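Down below is the structure, laid out as structure tokens.
What's counted below: heavy atoms across the whole structure, side chains too, no hydrogens, waters or symmetry copies. Nothing fancy with the numbering, it's 1 onward along the sequence.
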Amino acid sequence: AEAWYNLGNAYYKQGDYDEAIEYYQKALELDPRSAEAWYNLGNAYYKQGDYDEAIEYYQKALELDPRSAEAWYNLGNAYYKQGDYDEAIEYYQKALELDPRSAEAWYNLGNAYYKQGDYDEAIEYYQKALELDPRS
Ligand SMILES: [Ca+2]
Ligand SMILES: [Ca+2]
Ligand SMILES: [Ca+2]
Ligand SMILES: [Ca+2]
Ligand SMILES: [Cl-]
């Protein structure tokens, strides 16, 4: 499962996301418990612009291991990219509960409120992002 996964990663790092999918699928046939392989499969679909597929595989990775602030953040991103701002907010909140110093999660939470026309809330979360990254 290791070589298949790293073979997938070598294609991923080049922007060859569909080749990466084939090899991540092979890694997961051998080790269906690999949160890493699920997560990176979801990343490959995200990069392919298939947010519904990314969400299914991120959900599976988060089922096996609900600890990465990064994984909740990327689940929020996938929902954001398909216009599901309620769900994006839910998952960005979960990300921030695990990593309050994520300027990225505060910023995207701002953006989700901005997209809903909630500019008062957007401004609150952009200000939090700027406390952590004042060079944003
Ligand atoms: Ca083996
Ligand atoms: Ca290349
Ligand atoms: Ca080459
Ligand atoms: Ca390709
Ligand atoms: Cl990783």
For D65, the side-chain hydrogen bond (donor to acceptor under 3.5 Å, both in side chains) test, sequence neighbours excluded, returns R67
- Could I get the full list of side-chain hydrogen bond (donor to acceptor under 3.5 Å, both in side chains) partners for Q116, not counting sequence neighbours?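 Partners of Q116 by the side-chain hydrogen bond (donor to acceptor under 3.5 Å, both in side chains) criterion, ordered by chain and then number, come out as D86.
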*Same cluster or not: are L96 and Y91 linked, directly or through other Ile, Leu, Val, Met, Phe, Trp or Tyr residues, by side-chain heavy atoms under 4.5 angstrom apart?*
no
Rounded at 0.5 Å granularity, tell me how far CG in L132 sits from CD in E104.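 Taking CG in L132 and CD in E104, the distance rounds to 9.0 Å.
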CD-OG distance between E97 and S102, expressed to the nearest 0.5 angstrom
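That separation rounds to 13.5 Å.
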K60: what forms a salt bridge (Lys or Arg N to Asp or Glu O under 4.0 Å) with it, not counting sequence neighbours?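 If we apply the salt bridge (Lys or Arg N to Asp or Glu O under 4.0 Å) test to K60, skipping adjacent residues, there are no hits.
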Sorted by chain and residue number, the salt bridge (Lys or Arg N to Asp or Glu O under 4.0 Å) partners of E124 (sequence neighbours excluded) come out as none
Under 3.5 Å donor-acceptor pairs involving side-chain atoms of residues 38-47, not counting sequence neighbours:
from	atom 1	to	atom 2	distance (Å)
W38	NE1	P32	O	2.9
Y39	OH	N74	ND2	2.7
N40	ND2	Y5	OH	3.2
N40	ND2	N9	OD1	3.0
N43	ND2	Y58	OH	2.7

### Message
Quick one: does any side-chain atom of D118 pair with a main-chain N or O of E121 as donor and acceptor, under 3.5 Å?
### Response
yes
All heavy atoms of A35 vs all of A61, minimum pair found to be O-CB, 3.6 Å
